[PDB]
Amino acid sequence: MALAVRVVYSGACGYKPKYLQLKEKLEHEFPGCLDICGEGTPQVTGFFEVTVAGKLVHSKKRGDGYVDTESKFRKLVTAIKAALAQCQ
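Take the sequence shown: its letters are residues 1 to 88, numbered as in the entry's author numbering.
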């Protein structure tokens, strides 16, 4: 199968490029083998909660940050590469 990725977020302006510079990476890395979308509910705030096939990989709400460093982005790139080669 392909694989579905998500980011739940609070739309405090600016969100499109903030998404894409991660999103337009993960799709560049793994095209057509993968999806990423975003489902940003209101009432919730201060967050960026990242999931693949119903499995959390990142939590701005638990205090994981955003992908604030190379080594933190590379966590995702490594895990999503591995999860791809399973679902393929």
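The beta-carbon is built from N, C-alpha and C at its ideal position, and this holds for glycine as well.
- Shown here for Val77: same chain residues with a beta carbon closer than 7 Å to its own, the five before and five after excluded, namely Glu29 in chain order.
- Taking the CA atoms as reference points, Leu56 sits about 11 Å from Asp64.
- Within the same chain, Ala2, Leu3, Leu84, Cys87, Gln88 come within 8 Å of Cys33 by CB-CB distance, once the 5 residues on both sides are set aside.
- Partner residues in the beta bridge of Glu49, as assigned by DSSP, are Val8, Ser59.
- Around the C-beta of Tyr9, 16 or more other C-beta atoms lie within 10 Å, and the residue is accordingly described as buried.
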